[PDB]
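**Q** Below is the structure I would like to discuss, written out as structure tokens.
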Amino acid sequence: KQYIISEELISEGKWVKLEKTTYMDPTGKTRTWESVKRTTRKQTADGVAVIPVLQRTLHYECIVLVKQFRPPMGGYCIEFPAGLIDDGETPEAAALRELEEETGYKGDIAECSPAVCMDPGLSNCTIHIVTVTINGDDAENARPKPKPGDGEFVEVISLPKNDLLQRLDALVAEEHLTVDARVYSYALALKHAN
Amino acid sequence: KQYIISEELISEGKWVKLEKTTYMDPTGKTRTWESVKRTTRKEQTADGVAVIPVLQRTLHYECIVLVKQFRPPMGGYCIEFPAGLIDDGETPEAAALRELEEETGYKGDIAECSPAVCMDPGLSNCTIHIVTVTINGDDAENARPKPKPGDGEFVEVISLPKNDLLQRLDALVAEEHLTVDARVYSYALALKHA
Ligand SMILES: Cc1n[nH]c(C)c1-c1ccccc1N
Ligand SMILES: Cc1n[nH]c(C)c1-c1ccccc1N
Ligand SMILES: [Cl-]
Ligand SMILES: [Mg+2]
Ligand SMILES: [Mg+2]
Ligand SMILES: [Mg+2]
Ligand SMILES: [Mg+2]
């Protein structure tokens, strides 16, 4: 019933662009919407977010998270390991690559989501949420070495799965950090499931 | 270690603006970052709220109440948590309860409210409070929930069981052409993994 009529370019940067989307509402009236987009997409989605489950025997299962300075936020944020998918790359391969680059861990694919939207009121940005198990007992994951690219500066924070929300709340309280919405939504559901 | 140096405007629309952010990296080098921001924010702790509405009913499995909406940036329909911006002077809990009633028709009760969490921190400064709300479906006020949508709002309600959320979300994705929200998918994945 609703559909895109046309798109006007307001201001295109190098990486980000701002468009004025004109769309048909379900009654019949025409309405406008300043939509946001990325220029880097070719591709199933823009990027991937890795839910990395660190499994070590006789230890609590941990979720591997990344702390980075984020200039749009103007501060540090706790997030799932993540990054854009390169040209000629399946979402599963981008997940294992980004996981190793940012954390140093070599993981195995458990499952992969379809394209899911990030902030659909604001932007068109999508990701594949990729669940990855990491064998922490394997010798390749004994001394994990992050391989950061030019510009990335990532700090690894592994928190136990069984108390993820409470440990995230503790980090917000004593270090002024902004936890990611998807990380928080995941941590909430872990507690709510019971 | 890392901090904001300056923020110069590239373009400002009625609702969204694009800024050229300059920041210091941890090696001591100056770098730039195109950052997206909303013009509607002012004194609020976050831009908006996302409602995780747990519909509770005697001799019913708990349901998560979701909303289906055409989203002009995505160019199609999206399945999301009920959500909207926080009005000036409005507390996050009141915004959550109002938006839930407007989009679904349900009168909820506050369970818990998250701190400000980032929506897409590589792209924008946008934040929300994730407000968990219980809905007493046995109450007479929640018997015939009538959505009260504002100007330009056209919301359909989709209530799915909590114990089978991910599979029911996948079943909707296979049947029709629509995108599931990343926070909703993250929530459903956690319910599986717990
Ligand atoms: C979403 C949303 N919530 N509140 C407003 C004013 C918007 C908006 C409207 C058109 C284009 C971009 C926006 N960010
Ligand atoms: C995020 C991200 N992934 N890849 C690039 C080039 C960006 C980016 C960098 C600075 C400002 C805006 C952006 N979208
Ligand atoms: Cl798993
Ligand atoms: Mg990254
Ligand atoms: Mg990387
Ligand atoms: Mg809304
Ligand atoms: Mg609304």
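Please note: Cβ atoms are built from the backbone with ideal geometry, for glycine as well, and neighbour counts cover all protein chains shown. Nothing in this text is a laboratory measurement; each read-out follows from the coordinates by a stated rule.
**Q** In debye, nearest 20: dipole of the protein assembly as shown around its Cα centre with unit charges on the Cβ of K, R (+) and D, E (-)?
**A** Details: 44 positive and 63 negative charges, 67 e Å.
My answer is approximately 320 debye.
**Q** Taking every residue in B:123-133, how many Cβ atoms of other protein chains lie within 10 Å of its Cβ, on average?
**A** 5
**Q** Once you average over the residues of B:103-114, how many Cβ atoms of partner chains fall within 10 Å of each Cβ?
**A** Partner Cβ neighbours, averaged per residue: 1.
**Q** Between the stretch A:162-180 and the stretch A:83-100, what is the C-alpha centre distance in whole Å?
**A** Cα centroid to Cα centroid, the span is 27 Å.
**Q** Using the per-residue mean of other Cβ atoms lying within 10 Å as a proxy for protection, in what order, highest first, do the peptides B:86-94, B:42-50 fall?
**A** Top of the packing list down: B:42-50, B:86-94.
**Q** Taking the Cα centre as origin and putting +1 on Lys and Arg beta-carbons and -1 on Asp and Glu beta-carbons, what dipole magnitude results for chain B, to the nearest 20 debye?
**A** 520
**Q** Still on this structure, please answer the following. Which order results if B:71, A:182, A:56 are arranged by neighbouring Cβ count within 10 Å, fewest first?
**A** On the way: B:71 25, A:182 29, A:56 15.
Ordered from fewest to most neighbouring Cβ atoms within 10 Å, B:71, A:182, A:56 come out as A:56, B:71, A:182.
**Q** With 10 angstrom as the radius, rank A:70, A:167 by how many other C-beta atoms surround their C-beta, starting from the fewest.
**A** Going from least to most buried by this count: A:167, A:70.
**Q** A follow-up question, please. Taking other Cβ within 10 Å of each residue's Cβ, how do B:60, B:193 sort, fewest first?
**A** Ranking B:60, B:193 by Cβ neighbours within 10 Å, fewest first, gives B:60, B:193.
**Q** Which whole number gives the average, over all residues in B:28-36, of C-beta atoms from other chains lying within 10 Å of the residue C-beta? All intermediate terms of the calculation are to be shown ahead of the outcome.
**A** Values: counts 0, 1, 0, 3, 2, 7, 7, 6, 9.
Mean shielding count: 4.
**Q** Also, I was wondering about something else. List every residue whose amide H lies under 5 Å from the amide H of residue B:79, counting only residues 5 or more places away in sequence or on a different chain, with H placed 1.01 Å from N in the peptide plane.
**A** Amide H to amide H, under 5 Å and 5 or more residues apart or across chains, residue B:79 pairs with B:179, B:180, B:181.
**Q** Placing +1 at every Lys and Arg Cβ and -1 at every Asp and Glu Cβ, with all other atoms neutral, what dipole size does the stretch B:79-194 have around its Cα centre, in debye to the nearest 20?
**A** Taking the Cα centre of the stretch B:79-194 as origin, the dipole is about 380 debye.
**Q** May I ask you to list the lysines whose Cα is less than 29 Å away from that of residue B:148, ignoring any residue fewer than eight positions away on the same chain?
**A** Leaving aside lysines fewer than 8 places away in the same chain, those within reach of residue B:148 are A:1, A:20, A:29, B:14, B:37, B:42, B:68, B:107, B:162.
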